[PDB]
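J.: Submitted below is the structure of interest, expressed as structure tokens.
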Amino acid sequence: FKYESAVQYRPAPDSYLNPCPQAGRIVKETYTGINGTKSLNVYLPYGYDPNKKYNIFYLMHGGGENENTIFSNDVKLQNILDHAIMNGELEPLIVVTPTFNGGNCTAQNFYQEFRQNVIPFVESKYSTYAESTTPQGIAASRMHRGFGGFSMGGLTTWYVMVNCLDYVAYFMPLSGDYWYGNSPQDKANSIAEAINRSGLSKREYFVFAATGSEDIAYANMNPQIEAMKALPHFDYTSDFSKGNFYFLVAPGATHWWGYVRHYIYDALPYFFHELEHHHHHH
């Protein structure tokens, strides 16, 4: 892997959509938190070794979907992850698919359950960079923790960002805008105030947004992206060795996981290299 400054949309080869012999294990989990008893899936990379430490990426489904959608026949994201890790395009990581369904949970308020229940449950059981899952242990491993999502799950992602910068450094909002404001500048300012309160430097948080040029999400995302670009908090470029903000728009892509899985193929290899604990040249 090498960073590009303006990475372009490129679908995974069609071969990546079929099962790979080097298949990561997908574990169905059940936990109880502030929204009652709920499930999530945990993708473990092929060769997962609990004596090693893995990057972790939490990835939210869209409206009318559930914690099983992303690894279902409708999406098959695990095949793409399996092929990309096997081919060395993507460093091995843990991918979690939770749900905003259940109890008092909504796409907007999921971050509260994420903080209190989901991180402690997943990262007590599986080997992340978290030494412990106290607030301190989670915060001290933030550079190795990412959140993303599609549509309503992209809205989850923006609310995770504004409320969880202490816990998460890498954000992948796909086809979803941040509902918090009466203008694009209010949206940008809300994110800027979150960043100000966090104390973090511009080198300590990263946003790879994406959508399709034929995805309705573009209408509200693009103005938000333009307003954020104007902030001093963001240096626009996909080269995260130099800046921290990018917006990939896939030509012709519609509001459909068939396209959105390719955004994760394009974007997820960009994550978790800044202050990484390996000696890599990107």
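Scheme for the structure tokens: letters A, B, ... for chains in order shown; per-chain residue numbers from 1; ligand numbers from 1 in order shown.
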Give me, as CSV, each residue of range 120-183 of chain A that comes within 12 Å of range 85-94 of chain A, together with its shortest interatomic pair and the distance in Å at one decimal, counting only C-alpha atoms, with rows ordered by chain and rising residue number.

T.:
```
residue,atom,partner,partner_atom,distance
A:122,CA,A:94,CA,9.9
A:123,CA,A:94,CA,10.0
A:125,CA,A:94,CA,11.8
A:126,CA,A:94,CA,8.5
A:127,CA,A:94,CA,8.8
A:128,CA,A:94,CA,8.0
A:129,CA,A:93,CA,11.0
A:144,CA,A:93,CA,9.7
A:145,CA,A:94,CA,9.8
A:146,CA,A:94,CA,10.3
A:147,CA,A:94,CA,11.8
```

J.: Go ahead and write the residues just picked, N, CA and C atoms, as a short mmCIF file (atom, residue, chain, number, x, y, z; two decimals), in the first residue's frame.

T.:
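File written: selection-v5.cif
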```
data_model
loop_
_atom_site.label_atom_id
_atom_site.label_comp_id
_atom_site.auth_asym_id
_atom_site.auth_seq_id
_atom_site.Cartn_x
_atom_site.Cartn_y
_atom_site.Cartn_z
N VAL A 122 -16.79 -6.06 22.90
CA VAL A 122 -16.02 -6.63 21.76
C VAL A 122 -14.56 -6.67 22.16
N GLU A 123 -14.05 -5.59 22.72
CA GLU A 123 -12.59 -5.42 22.87
C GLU A 123 -12.08 -6.04 24.18
N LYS A 125 -13.10 -9.25 24.59
CA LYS A 125 -13.11 -10.64 24.06
C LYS A 125 -12.04 -10.82 22.98
N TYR A 126 -11.76 -9.79 22.17
CA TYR A 126 -10.85 -9.88 21.00
C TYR A 126 -9.69 -8.89 21.17
N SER A 127 -8.56 -9.18 20.54
CA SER A 127 -7.28 -8.47 20.73
C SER A 127 -7.17 -7.28 19.79
N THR A 128 -7.52 -6.14 20.34
CA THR A 128 -7.30 -4.82 19.73
C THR A 128 -6.07 -4.19 20.37
N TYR A 129 -5.85 -2.90 20.15
CA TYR A 129 -4.75 -2.18 20.81
C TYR A 129 -5.19 -1.76 22.21
N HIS A 144 -6.19 3.34 16.76
CA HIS A 144 -6.32 2.04 16.15
C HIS A 144 -7.78 1.62 16.09
N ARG A 145 -8.68 2.61 16.12
CA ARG A 145 -10.14 2.38 16.19
C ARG A 145 -10.83 3.30 15.16
N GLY A 146 -11.74 2.71 14.41
CA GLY A 146 -12.43 3.39 13.32
C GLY A 146 -13.91 3.12 13.35
N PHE A 147 -14.68 4.04 12.81
CA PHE A 147 -16.16 3.87 12.67
C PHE A 147 -16.54 4.31 11.27
#
```

J.: Give one line per residue of range 76-181 of chain A that approaches range 56-61 of chain A to at most 12 Å, naming the two atoms of the closest pair and their distance in Å to one decimal, counting only C-alpha atoms; sort by chain then ascending residue number and deliver it as JSON lines.

T.:
```
{"residue": "A:77", "atom": "CA", "partner": "A:59", "partner_atom": "CA", "distance": 10.7}
{"residue": "A:81", "atom": "CA", "partner": "A:57", "partner_atom": "CA", "distance": 11.9}
{"residue": "A:91", "atom": "CA", "partner": "A:56", "partner_atom": "CA", "distance": 11.1}
{"residue": "A:92", "atom": "CA", "partner": "A:56", "partner_atom": "CA", "distance": 9.5}
{"residue": "A:93", "atom": "CA", "partner": "A:56", "partner_atom": "CA", "distance": 5.8}
{"residue": "A:94", "atom": "CA", "partner": "A:56", "partner_atom": "CA", "distance": 4.7}
{"residue": "A:95", "atom": "CA", "partner": "A:57", "partner_atom": "CA", "distance": 4.9}
{"residue": "A:96", "atom": "CA", "partner": "A:58", "partner_atom": "CA", "distance": 4.7}
{"residue": "A:97", "atom": "CA", "partner": "A:59", "partner_atom": "CA", "distance": 5.2}
{"residue": "A:98", "atom": "CA", "partner": "A:60", "partner_atom": "CA", "distance": 6.2}
{"residue": "A:99", "atom": "CA", "partner": "A:60", "partner_atom": "CA", "distance": 6.6}
{"residue": "A:100", "atom": "CA", "partner": "A:60", "partner_atom": "CA", "distance": 7.9}
{"residue": "A:101", "atom": "CA", "partner": "A:61", "partner_atom": "CA", "distance": 10.0}
{"residue": "A:106", "atom": "CA", "partner": "A:60", "partner_atom": "CA", "distance": 11.8}
{"residue": "A:107", "atom": "CA", "partner": "A:60", "partner_atom": "CA", "distance": 8.9}
{"residue": "A:108", "atom": "CA", "partner": "A:60", "partner_atom": "CA", "distance": 11.7}
{"residue": "A:110", "atom": "CA", "partner": "A:60", "partner_atom": "CA", "distance": 9.9}
{"residue": "A:111", "atom": "CA", "partner": "A:60", "partner_atom": "CA", "distance": 11.2}
{"residue": "A:114", "atom": "CA", "partner": "A:58", "partner_atom": "CA", "distance": 9.4}
{"residue": "A:115", "atom": "CA", "partner": "A:58", "partner_atom": "CA", "distance": 11.8}
{"residue": "A:118", "atom": "CA", "partner": "A:58", "partner_atom": "CA", "distance": 9.6}
{"residue": "A:119", "atom": "CA", "partner": "A:58", "partner_atom": "CA", "distance": 9.4}
{"residue": "A:122", "atom": "CA", "partner": "A:56", "partner_atom": "CA", "distance": 9.8}
{"residue": "A:123", "atom": "CA", "partner": "A:56", "partner_atom": "CA", "distance": 8.9}
{"residue": "A:126", "atom": "CA", "partner": "A:56", "partner_atom": "CA", "distance": 9.7}
{"residue": "A:127", "atom": "CA", "partner": "A:56", "partner_atom": "CA", "distance": 9.2}
{"residue": "A:128", "atom": "CA", "partner": "A:56", "partner_atom": "CA", "distance": 6.5}
{"residue": "A:129", "atom": "CA", "partner": "A:56", "partner_atom": "CA", "distance": 8.6}
{"residue": "A:130", "atom": "CA", "partner": "A:56", "partner_atom": "CA", "distance": 10.0}
{"residue": "A:138", "atom": "CA", "partner": "A:56", "partner_atom": "CA", "distance": 11.6}
{"residue": "A:141", "atom": "CA", "partner": "A:56", "partner_atom": "CA", "distance": 10.1}
{"residue": "A:142", "atom": "CA", "partner": "A:56", "partner_atom": "CA", "distance": 9.8}
{"residue": "A:143", "atom": "CA", "partner": "A:56", "partner_atom": "CA", "distance": 9.9}
{"residue": "A:144", "atom": "CA", "partner": "A:56", "partner_atom": "CA", "distance": 6.5}
{"residue": "A:145", "atom": "CA", "partner": "A:56", "partner_atom": "CA", "distance": 5.1}
{"residue": "A:146", "atom": "CA", "partner": "A:57", "partner_atom": "CA", "distance": 4.5}
{"residue": "A:147", "atom": "CA", "partner": "A:58", "partner_atom": "CA", "distance": 4.7}
{"residue": "A:148", "atom": "CA", "partner": "A:59", "partner_atom": "CA", "distance": 4.7}
{"residue": "A:149", "atom": "CA", "partner": "A:60", "partner_atom": "CA", "distance": 4.1}
{"residue": "A:150", "atom": "CA", "partner": "A:61", "partner_atom": "CA", "distance": 5.7}
{"residue": "A:151", "atom": "CA", "partner": "A:61", "partner_atom": "CA", "distance": 7.6}
{"residue": "A:152", "atom": "CA", "partner": "A:61", "partner_atom": "CA", "distance": 7.3}
{"residue": "A:153", "atom": "CA", "partner": "A:60", "partner_atom": "CA", "distance": 4.7}
{"residue": "A:154", "atom": "CA", "partner": "A:60", "partner_atom": "CA", "distance": 7.4}
{"residue": "A:155", "atom": "CA", "partner": "A:60", "partner_atom": "CA", "distance": 9.5}
{"residue": "A:156", "atom": "CA", "partner": "A:60", "partner_atom": "CA", "distance": 7.4}
{"residue": "A:157", "atom": "CA", "partner": "A:60", "partner_atom": "CA", "distance": 7.8}
{"residue": "A:158", "atom": "CA", "partner": "A:60", "partner_atom": "CA", "distance": 11.5}
{"residue": "A:160", "atom": "CA", "partner": "A:58", "partner_atom": "CA", "distance": 10.6}
{"residue": "A:167", "atom": "CA", "partner": "A:56", "partner_atom": "CA", "distance": 11.7}
{"residue": "A:168", "atom": "CA", "partner": "A:57", "partner_atom": "CA", "distance": 9.5}
{"residue": "A:169", "atom": "CA", "partner": "A:57", "partner_atom": "CA", "distance": 10.5}
{"residue": "A:170", "atom": "CA", "partner": "A:57", "partner_atom": "CA", "distance": 8.5}
{"residue": "A:171", "atom": "CA", "partner": "A:57", "partner_atom": "CA", "distance": 9.1}
{"residue": "A:172", "atom": "CA", "partner": "A:59", "partner_atom": "CA", "distance": 8.6}
{"residue": "A:173", "atom": "CA", "partner": "A:60", "partner_atom": "CA", "distance": 9.5}
{"residue": "A:174", "atom": "CA", "partner": "A:60", "partner_atom": "CA", "distance": 9.7}
{"residue": "A:175", "atom": "CA", "partner": "A:61", "partner_atom": "CA", "distance": 11.3}
{"residue": "A:176", "atom": "CA", "partner": "A:61", "partner_atom": "CA", "distance": 11.3}
```

J.: Just to be explicit: take each residue in the selection above, keep C-alpha atoms, and write the result as a CSV table (one decimal), in the first residue's frame.

T.:
```
chain,number,residue,atom,x,y,z
A,77,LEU,CA,-18.2,-7.6,2.4
A,81,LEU,CA,-12.0,-8.2,3.1
A,91,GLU,CA,-3.6,-5.0,6.7
A,92,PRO,CA,-5.4,-7.6,8.8
A,93,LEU,CA,-8.1,-6.0,11.1
A,94,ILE,CA,-11.2,-6.8,13.1
A,95,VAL,CA,-14.5,-5.6,11.4
A,96,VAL,CA,-17.6,-5.3,13.6
A,97,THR,CA,-21.2,-5.0,12.3
A,98,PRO,CA,-23.5,-3.9,15.1
A,99,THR,CA,-27.1,-2.5,14.8
A,100,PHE,CA,-28.9,0.6,15.8
A,101,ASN,CA,-32.1,-1.6,16.0
A,106,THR,CA,-31.8,4.9,16.9
A,107,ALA,CA,-29.1,5.7,14.2
A,108,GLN,CA,-28.6,9.1,15.9
A,110,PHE,CA,-26.2,4.6,18.8
A,111,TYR,CA,-22.9,6.3,20.0
A,114,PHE,CA,-21.3,2.2,21.3
A,115,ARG,CA,-19.2,3.9,24.1
A,118,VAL,CA,-20.2,-2.3,22.4
A,119,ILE,CA,-16.5,-1.3,22.8
A,122,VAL,CA,-16.0,-6.6,21.8
A,123,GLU,CA,-12.6,-5.4,22.9
A,126,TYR,CA,-10.9,-9.9,21.0
A,127,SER,CA,-7.3,-8.5,20.7
A,128,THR,CA,-7.3,-4.8,19.7
A,129,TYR,CA,-4.8,-2.2,20.8
A,130,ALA,CA,-6.9,-1.6,23.9
A,138,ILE,CA,-10.2,2.8,25.1
A,141,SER,CA,-6.0,3.0,21.8
A,142,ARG,CA,-8.1,5.5,19.7
A,143,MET,CA,-5.6,5.7,16.9
A,144,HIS,CA,-6.3,2.0,16.1
A,145,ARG,CA,-10.1,2.4,16.2
A,146,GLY,CA,-12.4,3.4,13.3
A,147,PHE,CA,-16.2,3.9,12.7
A,148,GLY,CA,-18.0,3.9,9.4
A,149,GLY,CA,-21.5,3.3,8.0
A,150,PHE,CA,-23.9,3.6,5.1
A,151,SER,CA,-26.9,5.9,4.8
A,152,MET,CA,-28.6,5.9,8.2
A,153,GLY,CA,-25.3,4.3,9.3
A,154,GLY,CA,-23.4,7.2,7.8
A,155,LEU,CA,-25.6,9.4,10.0
A,156,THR,CA,-24.6,7.1,13.0
A,157,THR,CA,-20.9,7.7,11.9
A,158,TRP,CA,-21.2,11.6,12.1
A,160,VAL,CA,-20.1,8.9,16.6
A,167,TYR,CA,-12.3,6.9,21.5
A,168,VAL,CA,-12.1,6.9,17.6
A,169,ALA,CA,-9.6,8.5,15.2
A,170,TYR,CA,-10.8,7.2,11.8
A,171,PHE,CA,-14.3,8.0,10.3
A,172,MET,CA,-15.9,6.6,7.2
A,173,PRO,CA,-19.3,8.1,6.6
A,174,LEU,CA,-20.9,6.6,3.4
A,175,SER,CA,-23.9,8.2,1.7
A,176,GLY,CA,-25.1,10.0,5.0
```

J.: Looking at A:245, A:1, A:265, A:257, which one is nearest to residue 83 in chain A, with distances taken over only C-alpha atoms?

T.: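 Looking only at the distances to residue 83 in chain A, the closest residue turns out to be A:265.
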
J.: Fewer than 6 positions away in the same chain doesn't count, so skip those; otherwise give me all residues within 10 Å of residue 192 in chain A, counting only C-alpha atoms, as a VMD selection string.

T.: chain A and resid 162 186 198 228 231 to 234

J.: Using only C-alpha atoms, determine which residues lie at most 9 Å from residue 263 in chain A, disregarding the query and same-chain residues fewer than 2 positions distant; provide the list as a ChimeraX atom specification.

T.: /A:9-11,174,210-211,248,250,259-261,265-268

J.: If we count only C-alpha atoms and set the cut-off at 10 Å, which residues sit around range 71-76 of chain A, ignoring sequence neighbours fewer than 3 positions away in its own chain? Please answer as a PyMOL selection string.

T.: chain A and resi 16-19+26+41-43+67-68+79-81+97+256-261

J.: Restricting it to N, CA and C atoms, dump the selection as an mmCIF file, in the first residue's frame.

T.:
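Output contents, as saved in part17.cif:
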```cif
data_model
loop_
_atom_site.group_PDB
_atom_site.id
_atom_site.type_symbol
_atom_site.label_atom_id
_atom_site.label_comp_id
_atom_site.auth_asym_id
_atom_site.auth_seq_id
_atom_site.Cartn_x
_atom_site.Cartn_y
_atom_site.Cartn_z
ATOM 1 N N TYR A 16 -13.378 -10.809 -6.358
ATOM 2 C CA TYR A 16 -13.331 -10.488 -4.904
ATOM 3 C C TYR A 16 -14.700 -10.717 -4.287
ATOM 4 N N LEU A 17 -15.755 -10.820 -5.102
ATOM 5 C CA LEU A 17 -17.139 -10.996 -4.586
ATOM 6 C C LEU A 17 -17.452 -12.450 -4.276
ATOM 7 N N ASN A 18 -16.584 -13.370 -4.687
ATOM 8 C CA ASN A 18 -16.770 -14.813 -4.440
ATOM 9 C C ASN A 18 -15.904 -15.222 -3.263
ATOM 10 N N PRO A 19 -16.239 -16.343 -2.589
ATOM 11 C CA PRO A 19 -15.489 -16.776 -1.416
ATOM 12 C C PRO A 19 -13.999 -16.977 -1.696
ATOM 13 N N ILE A 26 -16.307 -15.320 11.106
ATOM 14 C CA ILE A 26 -17.382 -14.351 11.469
ATOM 15 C C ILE A 26 -18.131 -14.930 12.660
ATOM 16 N N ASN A 41 -22.004 -8.872 14.628
ATOM 17 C CA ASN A 41 -21.094 -9.869 14.015
ATOM 18 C C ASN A 41 -19.684 -9.356 14.171
ATOM 19 N N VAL A 42 -18.744 -10.261 14.423
ATOM 20 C CA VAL A 42 -17.314 -9.874 14.485
ATOM 21 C C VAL A 42 -16.563 -10.641 13.413
ATOM 22 N N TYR A 43 -16.042 -9.913 12.437
ATOM 23 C CA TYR A 43 -15.117 -10.477 11.433
ATOM 24 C C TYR A 43 -13.716 -10.481 12.050
ATOM 25 N N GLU A 67 -27.718 -6.161 11.861
ATOM 26 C CA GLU A 67 -26.298 -6.512 12.140
ATOM 27 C C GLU A 67 -25.798 -7.629 11.210
ATOM 28 N N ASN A 68 -26.692 -8.354 10.513
ATOM 29 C CA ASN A 68 -26.361 -9.480 9.594
ATOM 30 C C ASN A 68 -26.286 -9.015 8.145
ATOM 31 N N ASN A 79 -16.058 -11.247 1.711
ATOM 32 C CA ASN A 79 -15.288 -11.829 0.595
ATOM 33 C C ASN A 79 -14.253 -10.789 0.167
ATOM 34 N N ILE A 80 -14.680 -9.549 0.103
ATOM 35 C CA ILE A 80 -13.764 -8.453 -0.269
ATOM 36 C C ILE A 80 -12.667 -8.324 0.766
ATOM 37 N N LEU A 81 -13.031 -8.323 2.042
ATOM 38 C CA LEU A 81 -12.016 -8.217 3.122
ATOM 39 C C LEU A 81 -11.040 -9.398 2.996
ATOM 40 N N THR A 97 -19.876 -5.469 12.778
ATOM 41 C CA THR A 97 -21.163 -4.983 12.267
ATOM 42 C C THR A 97 -22.201 -5.060 13.376
ATOM 43 N N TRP A 256 -26.867 1.966 -3.185
ATOM 44 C CA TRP A 256 -26.959 0.490 -3.178
ATOM 45 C C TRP A 256 -25.629 -0.091 -2.681
ATOM 46 N N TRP A 257 -25.708 -1.010 -1.742
ATOM 47 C CA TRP A 257 -24.526 -1.745 -1.210
ATOM 48 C C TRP A 257 -23.681 -2.337 -2.333
ATOM 49 N N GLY A 258 -24.275 -2.673 -3.483
ATOM 50 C CA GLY A 258 -23.484 -3.210 -4.600
ATOM 51 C C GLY A 258 -22.329 -2.294 -4.952
ATOM 52 N N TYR A 259 -22.546 -0.987 -4.854
ATOM 53 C CA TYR A 259 -21.510 0.045 -5.075
ATOM 54 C C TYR A 259 -20.804 0.356 -3.757
ATOM 55 N N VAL A 260 -21.556 0.490 -2.670
ATOM 56 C CA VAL A 260 -20.970 1.012 -1.403
ATOM 57 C C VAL A 260 -19.876 0.054 -0.883
ATOM 58 N N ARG A 261 -20.028 -1.264 -1.046
ATOM 59 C CA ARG A 261 -18.940 -2.180 -0.608
ATOM 60 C C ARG A 261 -17.601 -1.784 -1.241
#
```

J.: Please extract the residues of range 52-134 of chain A with a backbone DSSP assignment of strand (DSSP E) and present them as a short mmCIF file (atom, residue, chain, number, x, y, z; two decimals) with N, CA and C atoms, in the first residue's frame.

T.:
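Wrote it out as out.cif, contents follow:
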```cif
data_model
loop_
_atom_site.label_atom_id
_atom_site.label_comp_id
_atom_site.auth_asym_id
_atom_site.auth_seq_id
_atom_site.Cartn_x
_atom_site.Cartn_y
_atom_site.Cartn_z
N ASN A 55 -6.01 -3.52 14.60
CA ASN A 55 -6.89 -2.37 14.28
C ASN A 55 -8.33 -2.89 14.34
N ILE A 56 -9.30 -2.05 14.70
CA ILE A 56 -10.74 -2.46 14.70
C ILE A 56 -11.56 -1.34 14.07
N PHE A 57 -12.44 -1.73 13.15
CA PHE A 57 -13.33 -0.89 12.35
C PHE A 57 -14.77 -1.35 12.56
N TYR A 58 -15.57 -0.48 13.15
CA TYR A 58 -17.01 -0.69 13.42
C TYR A 58 -17.81 -0.09 12.25
N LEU A 59 -18.75 -0.86 11.72
CA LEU A 59 -19.35 -0.53 10.40
C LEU A 59 -20.85 -0.76 10.49
N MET A 60 -21.56 0.34 10.29
CA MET A 60 -23.01 0.34 10.50
C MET A 60 -23.80 0.24 9.18
N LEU A 93 -7.31 -6.76 10.03
CA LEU A 93 -8.05 -6.05 11.09
C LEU A 93 -9.32 -6.80 11.44
N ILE A 94 -9.90 -6.40 12.57
CA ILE A 94 -11.23 -6.84 13.06
C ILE A 94 -12.29 -5.86 12.54
N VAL A 95 -13.34 -6.40 11.94
CA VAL A 95 -14.48 -5.57 11.44
C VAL A 95 -15.72 -5.99 12.21
N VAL A 96 -16.39 -5.03 12.83
CA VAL A 96 -17.59 -5.33 13.64
C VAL A 96 -18.79 -4.72 12.92
N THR A 97 -19.88 -5.47 12.78
CA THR A 97 -21.16 -4.98 12.27
C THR A 97 -22.20 -5.06 13.38
#
```

J.: From the list A:159, A:46, A:121, A:205, which residue is nearest residue 22 in chain A when using only C-alpha atoms?

T.: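 The closest residue to residue 22 in chain A is A:46.
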
J.: Measuring atom to atom with only C-alpha atoms, identify which of A:6, A:207, A:40, A:140 is nearest to residue 166 in chain A.

T.: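 Nearest candidate to residue 166 in chain A out of A:6, A:207, A:40, A:140: A:140.
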
J.: Could you tell me how far CA of residue 249 in chain A sits from CA of residue 237 in chain A, in Å to one decimal place?

T.: 13.6 Å

J.: Which residue, A:124, A:133, A:254, A:212, has the smallest gap to residue 50 in chain A when you use only C-alpha atoms?

T.: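 For residue 50 in chain A, the nearest of the candidates is A:124.
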
J.: Could you pull out the helix (DSSP H, G or I) residues of range 167-255 of chain A, going by DSSP on the backbone, and write them as an mmCIF file with C-alpha atoms, in the first residue's frame?

T.:
```
data_model
loop_
_atom_site.group_PDB
_atom_site.id
_atom_site.type_symbol
_atom_site.label_atom_id
_atom_site.label_comp_id
_atom_site.auth_asym_id
_atom_site.auth_seq_id
_atom_site.Cartn_x
_atom_site.Cartn_y
_atom_site.Cartn_z
ATOM 1 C CA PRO A 184 -24.024 23.337 6.060
ATOM 2 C CA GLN A 185 -21.914 25.883 8.025
ATOM 3 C CA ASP A 186 -23.770 24.914 11.305
ATOM 4 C CA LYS A 187 -22.923 21.217 10.518
ATOM 5 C CA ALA A 188 -19.209 22.105 9.904
ATOM 6 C CA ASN A 189 -19.106 24.339 13.071
ATOM 7 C CA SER A 190 -20.631 21.551 15.239
ATOM 8 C CA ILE A 191 -17.802 19.182 14.088
ATOM 9 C CA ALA A 192 -15.217 21.963 14.608
ATOM 10 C CA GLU A 193 -16.460 22.605 18.215
ATOM 11 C CA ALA A 194 -16.293 18.817 18.889
ATOM 12 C CA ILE A 195 -12.674 18.822 17.618
ATOM 13 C CA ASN A 196 -11.879 21.974 19.748
ATOM 14 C CA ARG A 197 -13.339 20.358 22.944
ATOM 15 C CA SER A 198 -11.361 17.096 22.290
ATOM 16 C CA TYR A 218 -24.722 13.529 -2.420
ATOM 17 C CA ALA A 219 -27.259 16.440 -2.299
ATOM 18 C CA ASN A 220 -26.726 17.023 1.496
ATOM 19 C CA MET A 221 -23.197 15.584 1.845
ATOM 20 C CA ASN A 222 -21.542 17.737 -0.804
ATOM 21 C CA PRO A 223 -22.480 21.115 0.811
ATOM 22 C CA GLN A 224 -21.389 19.721 4.261
ATOM 23 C CA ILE A 225 -18.033 18.554 2.771
ATOM 24 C CA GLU A 226 -17.482 22.020 1.095
ATOM 25 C CA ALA A 227 -18.181 23.790 4.465
ATOM 26 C CA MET A 228 -15.824 21.430 6.305
ATOM 27 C CA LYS A 229 -13.054 22.000 3.720
ATOM 28 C CA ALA A 230 -13.216 25.746 4.680
#
```

J.: Can you tell me, as a ChimeraX atom specification, what residues are no more than 12 Å from residue 280 in chain A when counting only C-alpha atoms, ignoring any on the same chain fewer than 4 positions away?

T.: /A:1-3,91,241,272-276

J.: CA of residue 135 in chain A and CA of residue 32 in chain A, how far apart in Å?

T.: 18.6 Å

J.: Rounded to one decimal place, report the CA of residue 24 in chain A-CA of residue 53 in chain A distance in Å.

T.: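 Computing the Euclidean distance for CA of residue 24 in chain A and CA of residue 53 in chain A yields 15.8 Å.
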